[PDB]
file entry_15.cif (mmCIF, C-alpha atoms and all ligand atoms; chains and numbers go by the auth columns)
data_upload
loop_
_atom_site.group_PDB
_atom_site.id
_atom_site.type_symbol
_atom_site.label_atom_id
_atom_site.label_comp_id
_atom_site.label_asym_id
_atom_site.label_seq_id
_atom_site.Cartn_x
_atom_site.Cartn_y
_atom_site.Cartn_z
_atom_site.B_iso_or_equiv
_atom_site.auth_seq_id
_atom_site.auth_asym_id
ATOM 1 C CA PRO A 1 -149.187 -73.597 -67.965 0.00 1 A
ATOM 2 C CA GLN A 2 -148.235 -74.238 -71.537 0.00 2 A
ATOM 3 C CA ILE A 3 -151.418 -74.302 -73.631 0.00 3 A
ATOM 4 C CA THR A 4 -151.362 -75.826 -77.076 0.00 4 A
ATOM 5 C CA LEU A 5 -153.932 -74.797 -79.668 0.00 5 A
ATOM 6 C CA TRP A 6 -155.367 -78.004 -81.081 0.00 6 A
ATOM 7 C CA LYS A 7 -158.535 -77.209 -79.139 0.00 7 A
ATOM 8 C CA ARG A 8 -159.969 -73.818 -78.152 0.00 8 A
ATOM 9 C CA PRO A 9 -158.007 -72.362 -75.195 0.00 9 A
ATOM 10 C CA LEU A 10 -160.938 -72.222 -72.855 0.00 10 A
ATOM 11 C CA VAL A 11 -160.407 -71.567 -69.169 0.00 11 A
ATOM 12 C CA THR A 12 -162.509 -70.943 -66.102 0.00 12 A
ATOM 13 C CA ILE A 13 -162.845 -67.359 -64.951 0.00 13 A
ATOM 14 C CA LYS A 14 -164.410 -66.023 -61.774 0.00 14 A
ATOM 15 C CA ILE A 15 -166.167 -62.662 -61.824 0.00 15 A
ATOM 16 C CA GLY A 16 -168.810 -61.447 -59.432 0.00 16 A
ATOM 17 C CA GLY A 17 -168.375 -64.714 -57.414 0.00 17 A
ATOM 18 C CA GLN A 18 -169.517 -66.713 -60.421 0.00 18 A
ATOM 19 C CA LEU A 19 -167.569 -69.171 -62.507 0.00 19 A
ATOM 20 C CA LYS A 20 -167.763 -68.783 -66.280 0.00 20 A
ATOM 21 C CA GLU A 21 -165.912 -70.207 -69.281 0.00 21 A
ATOM 22 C CA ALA A 22 -163.853 -67.847 -71.425 0.00 22 A
ATOM 23 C CA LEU A 23 -161.541 -68.024 -74.407 0.00 23 A
ATOM 24 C CA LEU A 24 -157.934 -66.818 -74.140 0.00 24 A
ATOM 25 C CA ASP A 25 -157.796 -64.548 -77.164 0.00 25 A
ATOM 26 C CA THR A 26 -154.553 -62.940 -78.306 0.00 26 A
ATOM 27 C CA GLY A 27 -156.388 -61.341 -81.225 0.00 27 A
ATOM 28 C CA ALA A 28 -158.573 -59.322 -78.847 0.00 28 A
ATOM 29 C CA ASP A 29 -157.293 -56.052 -77.467 0.00 29 A
ATOM 30 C CA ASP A 30 -160.071 -56.028 -74.862 0.00 30 A
ATOM 31 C CA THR A 31 -161.926 -58.488 -72.653 0.00 31 A
ATOM 32 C CA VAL A 32 -165.556 -58.943 -73.650 0.00 32 A
ATOM 33 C CA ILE A 33 -168.089 -60.864 -71.523 0.00 33 A
ATOM 34 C CA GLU A 34 -171.698 -61.777 -72.088 0.00 34 A
ATOM 35 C CA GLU A 35 -174.508 -59.835 -70.321 0.00 35 A
ATOM 36 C CA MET A 36 -174.113 -59.911 -66.542 0.00 36 A
ATOM 37 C CA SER A 37 -174.367 -57.599 -63.581 0.00 37 A
ATOM 38 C CA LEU A 38 -171.250 -55.711 -62.518 0.00 38 A
ATOM 39 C CA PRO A 39 -170.818 -53.039 -59.834 0.00 39 A
ATOM 40 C CA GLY A 40 -170.245 -49.409 -60.361 0.00 40 A
ATOM 41 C CA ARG A 41 -170.566 -47.019 -63.252 0.00 41 A
ATOM 42 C CA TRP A 42 -169.974 -47.853 -66.866 0.00 42 A
ATOM 43 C CA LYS A 43 -168.909 -45.866 -69.900 0.00 43 A
ATOM 44 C CA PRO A 44 -169.760 -46.399 -73.539 0.00 44 A
ATOM 45 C CA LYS A 45 -167.481 -48.107 -76.022 0.00 45 A
ATOM 46 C CA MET A 46 -167.782 -49.133 -79.640 0.00 46 A
ATOM 47 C CA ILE A 47 -165.789 -52.183 -80.694 0.00 47 A
ATOM 48 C CA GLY A 48 -165.264 -53.569 -84.166 0.00 48 A
ATOM 49 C CA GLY A 49 -165.076 -57.279 -84.580 0.00 49 A
ATOM 50 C CA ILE A 50 -165.089 -59.483 -87.657 0.00 50 A
ATOM 51 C CA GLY A 51 -168.738 -58.747 -88.522 0.00 51 A
ATOM 52 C CA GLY A 52 -168.945 -55.057 -87.686 0.00 52 A
ATOM 53 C CA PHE A 53 -169.204 -52.616 -84.796 0.00 53 A
ATOM 54 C CA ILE A 54 -171.241 -53.089 -81.633 0.00 54 A
ATOM 55 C CA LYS A 55 -171.896 -51.077 -78.472 0.00 55 A
ATOM 56 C CA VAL A 56 -170.709 -52.457 -75.173 0.00 56 A
ATOM 57 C CA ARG A 57 -170.647 -51.327 -71.565 0.00 57 A
ATOM 58 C CA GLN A 58 -167.166 -50.575 -70.227 0.00 58 A
ATOM 59 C CA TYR A 59 -166.605 -51.328 -66.575 0.00 59 A
ATOM 60 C CA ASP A 60 -163.211 -50.386 -65.191 0.00 60 A
ATOM 61 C CA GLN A 61 -161.208 -51.873 -62.327 0.00 61 A
ATOM 62 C CA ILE A 62 -163.175 -55.145 -62.053 0.00 62 A
ATOM 63 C CA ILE A 63 -161.787 -58.040 -60.051 0.00 63 A
ATOM 64 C CA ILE A 64 -161.529 -61.148 -62.206 0.00 64 A
ATOM 65 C CA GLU A 65 -159.737 -64.457 -61.758 0.00 65 A
ATOM 66 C CA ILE A 66 -158.475 -66.110 -64.978 0.00 66 A
ATOM 67 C CA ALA A 67 -157.351 -69.735 -64.826 0.00 67 A
ATOM 68 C CA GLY A 68 -156.419 -69.203 -61.182 0.00 68 A
ATOM 69 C CA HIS A 69 -154.576 -65.893 -61.745 0.00 69 A
ATOM 70 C CA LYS A 70 -155.787 -62.643 -60.265 0.00 70 A
ATOM 71 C CA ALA A 71 -156.487 -59.690 -62.462 0.00 71 A
ATOM 72 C CA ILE A 72 -158.127 -56.294 -61.872 0.00 72 A
ATOM 73 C CA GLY A 73 -159.033 -54.321 -64.963 0.00 73 A
ATOM 74 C CA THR A 74 -161.446 -53.343 -67.660 0.00 74 A
ATOM 75 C CA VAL A 75 -164.289 -55.619 -68.678 0.00 75 A
ATOM 76 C CA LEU A 76 -166.578 -54.894 -71.633 0.00 76 A
ATOM 77 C CA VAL A 77 -170.081 -56.314 -71.356 0.00 77 A
ATOM 78 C CA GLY A 78 -172.109 -56.954 -74.515 0.00 78 A
ATOM 79 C CA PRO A 79 -173.238 -59.509 -77.124 0.00 79 A
ATOM 80 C CA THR A 80 -170.336 -61.807 -78.027 0.00 80 A
ATOM 81 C CA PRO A 81 -170.480 -65.379 -79.388 0.00 81 A
ATOM 82 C CA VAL A 82 -168.211 -66.393 -76.372 0.00 82 A
ATOM 83 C CA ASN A 83 -166.556 -64.702 -73.412 0.00 83 A
ATOM 84 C CA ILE A 84 -163.103 -63.552 -74.558 0.00 84 A
ATOM 85 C CA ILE A 85 -160.091 -62.651 -72.409 0.00 85 A
ATOM 86 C CA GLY A 86 -158.115 -60.085 -74.375 0.00 86 A
ATOM 87 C CA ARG A 87 -154.642 -58.674 -74.078 0.00 87 A
ATOM 88 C CA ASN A 88 -155.533 -56.143 -71.405 0.00 88 A
ATOM 89 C CA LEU A 89 -155.933 -59.041 -68.960 0.00 89 A
ATOM 90 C CA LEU A 90 -153.627 -61.567 -70.644 0.00 90 A
ATOM 91 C CA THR A 91 -150.781 -59.173 -69.860 0.00 91 A
ATOM 92 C CA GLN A 92 -151.856 -59.073 -66.192 0.00 92 A
ATOM 93 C CA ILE A 93 -151.564 -62.834 -65.882 0.00 93 A
ATOM 94 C CA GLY A 94 -148.160 -62.843 -67.586 0.00 94 A
ATOM 95 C CA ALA A 95 -149.167 -64.589 -70.798 0.00 95 A
ATOM 96 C CA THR A 96 -146.945 -64.782 -73.846 0.00 96 A
ATOM 97 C CA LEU A 97 -147.095 -66.562 -77.206 0.00 97 A
ATOM 98 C CA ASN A 98 -144.194 -68.839 -77.927 0.00 98 A
ATOM 99 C CA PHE A 99 -142.996 -70.782 -80.942 0.00 99 A
ATOM 100 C CA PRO B 1 -139.527 -66.412 -80.253 0.00 1 B
ATOM 101 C CA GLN B 2 -141.419 -65.298 -77.156 0.00 2 B
ATOM 102 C CA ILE B 3 -143.987 -62.735 -78.156 0.00 3 B
ATOM 103 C CA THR B 4 -145.183 -60.171 -75.701 0.00 4 B
ATOM 104 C CA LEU B 5 -148.852 -59.255 -75.513 0.00 5 B
ATOM 105 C CA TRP B 6 -148.332 -55.642 -74.566 0.00 6 B
ATOM 106 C CA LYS B 7 -148.929 -54.951 -78.249 0.00 7 B
ATOM 107 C CA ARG B 8 -150.878 -56.789 -80.948 0.00 8 B
ATOM 108 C CA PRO B 9 -148.951 -59.966 -81.934 0.00 9 B
ATOM 109 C CA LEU B 10 -148.456 -59.096 -85.549 0.00 10 B
ATOM 110 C CA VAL B 11 -146.152 -61.016 -87.837 0.00 11 B
ATOM 111 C CA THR B 12 -145.218 -61.040 -91.506 0.00 12 B
ATOM 112 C CA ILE B 13 -146.707 -63.830 -93.571 0.00 13 B
ATOM 113 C CA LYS B 14 -146.256 -64.921 -97.144 0.00 14 B
ATOM 114 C CA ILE B 15 -149.362 -66.253 -98.901 0.00 15 B
ATOM 115 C CA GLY B 16 -150.090 -66.598 -102.593 0.00 16 B
ATOM 116 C CA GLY B 17 -146.779 -64.949 -103.382 0.00 17 B
ATOM 117 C CA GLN B 18 -147.760 -61.896 -101.326 0.00 18 B
ATOM 118 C CA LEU B 19 -146.325 -60.436 -98.103 0.00 19 B
ATOM 119 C CA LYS B 20 -148.905 -59.436 -95.512 0.00 20 B
ATOM 120 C CA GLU B 21 -149.115 -58.559 -91.888 0.00 21 B
ATOM 121 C CA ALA B 22 -151.333 -60.793 -89.766 0.00 22 B
ATOM 122 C CA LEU B 23 -152.390 -61.284 -86.170 0.00 23 B
ATOM 123 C CA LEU B 24 -151.451 -64.443 -84.272 0.00 24 B
ATOM 124 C CA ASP B 25 -154.912 -65.136 -82.881 0.00 25 B
ATOM 125 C CA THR B 26 -155.582 -67.865 -80.368 0.00 26 B
ATOM 126 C CA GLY B 27 -159.280 -66.898 -80.319 0.00 27 B
ATOM 127 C CA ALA B 28 -159.722 -67.687 -84.031 0.00 28 B
ATOM 128 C CA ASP B 29 -160.504 -71.285 -85.000 0.00 29 B
ATOM 129 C CA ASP B 30 -159.573 -70.602 -88.603 0.00 30 B
ATOM 130 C CA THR B 31 -157.245 -68.377 -90.606 0.00 31 B
ATOM 131 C CA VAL B 32 -158.942 -65.440 -92.309 0.00 32 B
ATOM 132 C CA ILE B 33 -157.227 -63.211 -94.887 0.00 33 B
ATOM 133 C CA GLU B 34 -158.470 -60.039 -96.558 0.00 34 B
ATOM 134 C CA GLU B 35 -159.669 -60.323 -100.158 0.00 35 B
ATOM 135 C CA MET B 36 -157.079 -61.757 -102.521 0.00 36 B
ATOM 136 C CA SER B 37 -156.949 -64.401 -105.224 0.00 37 B
ATOM 137 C CA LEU B 38 -155.732 -67.909 -104.419 0.00 38 B
ATOM 138 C CA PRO B 39 -155.392 -70.824 -106.827 0.00 39 B
ATOM 139 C CA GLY B 40 -157.572 -73.881 -106.773 0.00 40 B
ATOM 140 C CA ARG B 41 -161.059 -74.760 -105.751 0.00 41 B
ATOM 141 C CA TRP B 42 -163.071 -72.984 -103.094 0.00 42 B
ATOM 142 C CA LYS B 43 -166.423 -73.157 -101.444 0.00 43 B
ATOM 143 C CA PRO B 44 -168.507 -70.558 -99.606 0.00 44 B
ATOM 144 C CA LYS B 45 -168.648 -70.362 -95.813 0.00 45 B
ATOM 145 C CA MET B 46 -170.081 -68.073 -93.138 0.00 46 B
ATOM 146 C CA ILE B 47 -168.020 -67.225 -90.041 0.00 47 B
ATOM 147 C CA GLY B 48 -169.162 -65.286 -87.032 0.00 48 B
ATOM 148 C CA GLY B 49 -167.642 -63.073 -84.402 0.00 49 B
ATOM 149 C CA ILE B 50 -168.364 -59.803 -82.629 0.00 50 B
ATOM 150 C CA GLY B 51 -170.661 -57.858 -84.870 0.00 51 B
ATOM 151 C CA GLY B 52 -172.061 -60.949 -86.648 0.00 52 B
ATOM 152 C CA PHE B 53 -171.130 -62.979 -89.667 0.00 53 B
ATOM 153 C CA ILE B 54 -169.236 -62.491 -92.880 0.00 54 B
ATOM 154 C CA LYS B 55 -169.219 -64.623 -96.005 0.00 55 B
ATOM 155 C CA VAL B 56 -165.842 -65.996 -96.994 0.00 56 B
ATOM 156 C CA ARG B 57 -164.291 -68.321 -99.596 0.00 57 B
ATOM 157 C CA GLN B 58 -162.758 -71.474 -98.164 0.00 58 B
ATOM 158 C CA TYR B 59 -159.569 -72.627 -99.908 0.00 59 B
ATOM 159 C CA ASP B 60 -158.058 -75.894 -98.726 0.00 60 B
ATOM 160 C CA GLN B 61 -154.385 -77.024 -98.816 0.00 61 B
ATOM 161 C CA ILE B 62 -152.830 -73.555 -98.968 0.00 62 B
ATOM 162 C CA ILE B 63 -149.236 -73.029 -97.935 0.00 63 B
ATOM 163 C CA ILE B 64 -148.416 -70.032 -95.792 0.00 64 B
ATOM 164 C CA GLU B 65 -145.078 -68.881 -94.429 0.00 65 B
ATOM 165 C CA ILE B 66 -145.662 -67.437 -90.918 0.00 66 B
ATOM 166 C CA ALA B 67 -142.759 -65.446 -89.404 0.00 67 B
ATOM 167 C CA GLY B 68 -140.485 -67.757 -91.519 0.00 68 B
ATOM 168 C CA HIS B 69 -142.221 -71.021 -90.646 0.00 69 B
ATOM 169 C CA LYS B 70 -144.041 -72.929 -93.445 0.00 70 B
ATOM 170 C CA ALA B 71 -147.416 -74.472 -92.795 0.00 71 B
ATOM 171 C CA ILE B 72 -150.284 -75.826 -94.852 0.00 72 B
ATOM 172 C CA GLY B 73 -153.979 -75.725 -94.227 0.00 73 B
ATOM 173 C CA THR B 74 -157.321 -74.132 -94.988 0.00 74 B
ATOM 174 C CA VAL B 75 -157.467 -70.394 -95.539 0.00 75 B
ATOM 175 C CA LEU B 76 -160.641 -68.364 -95.519 0.00 76 B
ATOM 176 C CA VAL B 77 -160.696 -65.264 -97.732 0.00 77 B
ATOM 177 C CA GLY B 78 -163.188 -62.442 -97.269 0.00 78 B
ATOM 178 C CA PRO B 79 -163.940 -58.989 -95.885 0.00 79 B
ATOM 179 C CA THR B 80 -162.177 -59.306 -92.537 0.00 80 B
ATOM 180 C CA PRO B 81 -160.935 -56.028 -91.090 0.00 81 B
ATOM 181 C CA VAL B 82 -157.612 -57.697 -90.137 0.00 82 B
ATOM 182 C CA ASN B 83 -155.629 -60.678 -91.378 0.00 83 B
ATOM 183 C CA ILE B 84 -155.858 -63.447 -88.789 0.00 84 B
ATOM 184 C CA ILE B 85 -153.717 -66.525 -88.313 0.00 85 B
ATOM 185 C CA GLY B 86 -155.970 -68.885 -86.471 0.00 86 B
ATOM 186 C CA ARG B 87 -155.432 -72.079 -84.509 0.00 87 B
ATOM 187 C CA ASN B 88 -155.501 -74.326 -87.593 0.00 88 B
ATOM 188 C CA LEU B 89 -152.128 -72.857 -88.610 0.00 89 B
ATOM 189 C CA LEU B 90 -150.791 -71.818 -85.179 0.00 90 B
ATOM 190 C CA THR B 91 -150.670 -75.483 -84.189 0.00 91 B
ATOM 191 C CA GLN B 92 -148.503 -76.279 -87.218 0.00 92 B
ATOM 192 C CA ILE B 93 -145.786 -73.817 -86.215 0.00 93 B
ATOM 193 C CA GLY B 94 -145.858 -75.140 -82.642 0.00 94 B
ATOM 194 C CA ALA B 95 -147.368 -72.028 -81.038 0.00 95 B
ATOM 195 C CA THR B 96 -148.338 -72.131 -77.409 0.00 96 B
ATOM 196 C CA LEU B 97 -149.726 -69.695 -74.889 0.00 97 B
ATOM 197 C CA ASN B 98 -147.624 -69.631 -71.725 0.00 98 B
ATOM 198 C CA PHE B 99 -148.268 -68.163 -68.270 0.00 99 B
HETATM 199 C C1 LIG C . -164.064 -69.703 -87.644 0.00 101 C
HETATM 200 O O1 LIG C . -162.895 -68.922 -87.618 0.00 101 C
HETATM 201 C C2 LIG C . -163.121 -67.652 -87.153 0.00 101 C
HETATM 202 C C3 LIG C . -161.971 -66.903 -87.108 0.00 101 C
HETATM 203 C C4 LIG C . -161.956 -65.630 -86.526 0.00 101 C
HETATM 204 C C5 LIG C . -163.127 -65.152 -85.969 0.00 101 C
HETATM 205 S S1 LIG C . -163.151 -63.629 -85.099 0.00 101 C
HETATM 206 O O2 LIG C . -162.175 -62.732 -85.736 0.00 101 C
HETATM 207 O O3 LIG C . -164.535 -63.197 -85.021 0.00 101 C
HETATM 208 N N1 LIG C . -162.627 -63.876 -83.541 0.00 101 C
HETATM 209 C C6 LIG C . -163.381 -64.856 -82.773 0.00 101 C
HETATM 210 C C7 LIG C . -163.720 -64.462 -81.329 0.00 101 C
HETATM 211 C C8 LIG C . -164.595 -63.208 -81.281 0.00 101 C
HETATM 212 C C9 LIG C . -164.416 -65.666 -80.636 0.00 101 C
HETATM 213 C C10 LIG C . -161.189 -63.778 -83.273 0.00 101 C
HETATM 214 C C11 LIG C . -160.870 -62.581 -82.373 0.00 101 C
HETATM 215 O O4 LIG C . -159.510 -62.681 -81.909 0.00 101 C
HETATM 216 C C12 LIG C . -161.089 -61.228 -83.047 0.00 101 C
HETATM 217 C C13 LIG C . -160.087 -60.916 -84.137 0.00 101 C
HETATM 218 C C14 LIG C . -160.318 -59.566 -84.793 0.00 101 C
HETATM 219 C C15 LIG C . -159.574 -58.442 -84.454 0.00 101 C
HETATM 220 C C16 LIG C . -159.903 -57.182 -84.936 0.00 101 C
HETATM 221 C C17 LIG C . -160.969 -57.005 -85.807 0.00 101 C
HETATM 222 C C18 LIG C . -161.706 -58.135 -86.158 0.00 101 C
HETATM 223 C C19 LIG C . -161.386 -59.406 -85.657 0.00 101 C
HETATM 224 N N2 LIG C . -160.939 -60.185 -82.019 0.00 101 C
HETATM 225 C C20 LIG C . -161.938 -59.489 -81.558 0.00 101 C
HETATM 226 O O5 LIG C . -163.133 -59.578 -81.903 0.00 101 C
HETATM 227 O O6 LIG C . -161.567 -58.604 -80.613 0.00 101 C
HETATM 228 C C21 LIG C . -162.594 -57.729 -80.089 0.00 101 C
HETATM 229 C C22 LIG C . -161.919 -56.976 -78.933 0.00 101 C
HETATM 230 C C23 LIG C . -161.282 -55.710 -79.544 0.00 101 C
HETATM 231 O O7 LIG C . -160.029 -56.136 -80.195 0.00 101 C
HETATM 232 C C24 LIG C . -159.534 -55.122 -81.085 0.00 101 C
HETATM 233 C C25 LIG C . -160.570 -54.944 -82.198 0.00 101 C
HETATM 234 O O8 LIG C . -161.765 -54.423 -81.601 0.00 101 C
HETATM 235 C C26 LIG C . -162.256 -55.327 -80.588 0.00 101 C
HETATM 236 C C27 LIG C . -162.871 -56.613 -81.105 0.00 101 C
HETATM 237 C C28 LIG C . -164.284 -65.925 -85.999 0.00 101 C
HETATM 238 C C29 LIG C . -164.288 -67.176 -86.567 0.00 101 C
HETATM 239 CL CL CL C . -157.418 -53.134 -68.178 0.00 102 C
HETATM 240 CL CL CL C . -156.665 -76.645 -91.718 0.00 103 C
HETATM 241 CL CL CL C . -147.959 -79.959 -80.103 0.00 104 C
HETATM 242 NA NA NA C . -157.096 -76.152 -102.636 0.00 105 C
#

call {"tool": "encode", "arguments": {"input": "entry_15.cif", "output": "structure tokens", "more": "lines below"}}
Ligand SMILES: COc1ccc(S(=O)(=O)N(CC(C)C)C[C@@H](O)[C@H](Cc2ccccc2)NC(=O)O[C@@H]2C[C@@H]3OCCO[C@@H]3C2)cc1
Ligand SMILES: [Cl-]
Ligand SMILES: [Cl-]
Ligand SMILES: [Cl-]
Ligand code: NA
result
Amino acid sequence: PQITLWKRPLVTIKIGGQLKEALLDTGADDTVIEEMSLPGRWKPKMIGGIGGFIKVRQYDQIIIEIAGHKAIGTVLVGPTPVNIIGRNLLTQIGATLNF
Amino acid sequence: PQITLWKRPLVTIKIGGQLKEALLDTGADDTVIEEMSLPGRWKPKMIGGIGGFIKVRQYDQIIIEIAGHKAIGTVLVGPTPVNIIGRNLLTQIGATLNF
């Protein structure tokens, strides 16, 4: 697809068998999802957004579908105003910015 | 251009007579620039992201040159850790996300 930016670039994701809405976010290095259950072990991570630093749970090698494209990679779980798909998974689905 | 997302999508901008580096950020509704003076009227605003909210100054009808492309719109000025070109100006340069 070619997504213009007049509205938020929201897509459906599937993680853990559940559909969720998430924002395609080229300004995010990392993918950050609201509190949910994921399998396996997690590791700690501190991330700095516009308002300051927060602790999140880092889950590696998580299966996630993004707008119908399959990805397997790192998901951070923690308090975010919206689910954001960052460059670690945007690269897996082949996304680029174009103008 | 076609910009890869293997790295942060940073470009040079010109704003208020100043050259700056900024992130092309599809996850940002608005454009947010680190503290600087701009001419004209402003009003206070609060904007929120990971880590919470910051207070910014909202300047309307500001021209910015983005990777050589002129656009006009609202610019928010405040203690952001990174300069962000948000959707309000990305639309004006015809930016799309493609996959
Ligand atoms: C109303 O307009 C705005 C504009 C921008 C924001 S934002 O900067 O908070 N942001 C909105 C998102 C969270 C819905 C844009 C987003 O692209 C920021 C943009 C950004 C980038 C870097 C620092 C601050 C903000 N990225 C971000 O938070 O990324 C997180 C993942 C990882 O990325 C590298 C930095 O560390 C983390 C944070 C909020 C409101
Ligand atoms: Cl990853
Ligand atoms: Cl605007
Ligand atoms: Cl258009
Ligand atoms: Na103005």

call {"tool": "closest_atom_pairs", "arguments": {"input": "entry_15.cif", "of": "chain B", "to": "ligand LIG 101 (chain C)", "cutoff": "8 Å", "atoms": "only C-alpha atoms and all ligand atoms", "output": "Markdown table"}}
result
| residue | atom | partner | partner_atom | distance |
| --- | --- | --- | --- | --- |
| B:23 | CA | C:LIG101 | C15 | 7.9 |
| B:25 | CA | C:LIG101 | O4 | 5.3 |
| B:26 | CA | C:LIG101 | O4 | 6.7 |
| B:27 | CA | C:LIG101 | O4 | 4.5 |
| B:28 | CA | C:LIG101 | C3 | 3.9 |
| B:29 | CA | C:LIG101 | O1 | 4.3 |
| B:30 | CA | C:LIG101 | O1 | 3.9 |
| B:31 | CA | C:LIG101 | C3 | 6.1 |
| B:32 | CA | C:LIG101 | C3 | 6.2 |
| B:47 | CA | C:LIG101 | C29 | 5.1 |
| B:48 | CA | C:LIG101 | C28 | 5.0 |
| B:49 | CA | C:LIG101 | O3 | 3.2 |
| B:50 | CA | C:LIG101 | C8 | 5.3 |
| B:80 | CA | C:LIG101 | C18 | 6.5 |
| B:81 | CA | C:LIG101 | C17 | 5.4 |
| B:82 | CA | C:LIG101 | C17 | 5.5 |
| B:84 | CA | C:LIG101 | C13 | 6.8 |
| B:86 | CA | C:LIG101 | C3 | 6.4 |

call {"tool": "residues_near_ligand", "arguments": {"input": "entry_15.cif", "ligand": "ligand CL 102 (chain C)", "cutoff": "8 Å", "atoms": "all atoms listed in the file", "output": "JSON, numbers by chain"}}
result
{"A": [30, 60, 61, 72, 73, 74, 75, 88, 89]}

call {"tool": "write_last_selection", "arguments": {"input": "entry_15.cif", "atoms": "C-alpha atoms", "output": "compact mmCIF listing (two decimals), in the coordinates of the input"}}
result
# COMPACT_ATOMS: atom_id res chain seq x y z
CA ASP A 30 -160.07 -56.03 -74.86
CA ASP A 60 -163.21 -50.39 -65.19
CA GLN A 61 -161.21 -51.87 -62.33
CA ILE A 72 -158.13 -56.29 -61.87
CA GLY A 73 -159.03 -54.32 -64.96
CA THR A 74 -161.45 -53.34 -67.66
CA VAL A 75 -164.29 -55.62 -68.68
CA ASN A 88 -155.53 -56.14 -71.40
CA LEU A 89 -155.93 -59.04 -68.96

call {"tool": "interface_residues", "arguments": {"input": "entry_15.cif", "of": "chain B", "to": "chain A", "cutoff": "6 Å", "atoms": "all atoms listed in the file", "output": "list in words"}}
result
residues 1, 2, 3, 4, 5, 25, 26, 27, 49, 50, 51, 52, 53, 54, 80, 87, 91, 94, 95, 96, 97, 98 and 99 of chain B

call {"tool": "calpha_fit_rmsd", "arguments": {"input": "entry_15.cif", "fixed": "chain A", "moving": "chain B"}}
result
0.5 Å

call {"tool": "resolve_selection", "arguments": {"input": "entry_15.cif", "expression": "the PyMOL selection byres (((chain A and resi 12) around 7) and not hetatm)", "output": "mmCIF file with C-alpha atoms, keeping the file's coordinate frame"}}
result
data_model
loop_
_atom_site.group_PDB
_atom_site.id
_atom_site.type_symbol
_atom_site.label_atom_id
_atom_site.label_comp_id
_atom_site.auth_asym_id
_atom_site.auth_seq_id
_atom_site.Cartn_x
_atom_site.Cartn_y
_atom_site.Cartn_z
ATOM 1 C CA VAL A 11 -160.407 -71.567 -69.169
ATOM 2 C CA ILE A 13 -162.845 -67.359 -64.951
ATOM 3 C CA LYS A 14 -164.410 -66.023 -61.774
ATOM 4 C CA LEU A 19 -167.569 -69.171 -62.507
ATOM 5 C CA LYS A 20 -167.763 -68.783 -66.280
ATOM 6 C CA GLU A 21 -165.912 -70.207 -69.281
ATOM 7 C CA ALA A 22 -163.853 -67.847 -71.425
ATOM 8 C CA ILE A 66 -158.475 -66.110 -64.978
ATOM 9 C CA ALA A 67 -157.351 -69.735 -64.826
#

call {"tool": "atom_distance", "arguments": {"input": "entry_15.cif", "atom1": "CA of residue 45 in chain A", "atom2": "CA of residue 64 in chain A"}}
result
19.9 Å

call {"tool": "closest_residue", "arguments": {"input": "entry_15.cif", "among": "A:83, A:42, A:15, A:56", "to": "residue 68 in chain A", "atoms": "only C-alpha atoms"}}
result
A:15

call {"tool": "atom_distance", "arguments": {"input": "entry_15.cif", "atom1": "CA of residue 59 in chain B", "atom2": "CA of residue 18 in chain B"}}
result
16.0 Å

call {"tool": "axis_aligned_box", "arguments": {"input": "entry_15.cif", "around": "range 36-41 of chain B", "padding_each_side": "6 Å", "output": "lines of an AutoDock Vina configuration file"}}
result
center_x = -158.2
center_y = -68.3
center_z = -104.7
size_x = 17.7
size_y = 25.0
size_z = 16.3

call {"tool": "atom_distance", "arguments": {"input": "entry_15.cif", "atom1": "CA of residue 76 in chain A", "atom2": "CA of residue 33 in chain A"}}
result
6.2 Å

call {"tool": "closest_residue", "arguments": {"input": "entry_15.cif", "among": "B:70, B:43, B:62, B:17", "to": "ligand CL 103 (chain C)", "atoms": "all atoms listed in the file"}}
result
B:62

call {"tool": "closest_residue", "arguments": {"input": "entry_15.cif", "among": "A:39, A:16, A:34, A:65", "to": "residue 77 in chain A", "atoms": "all atoms listed in the file"}}
result
A:34
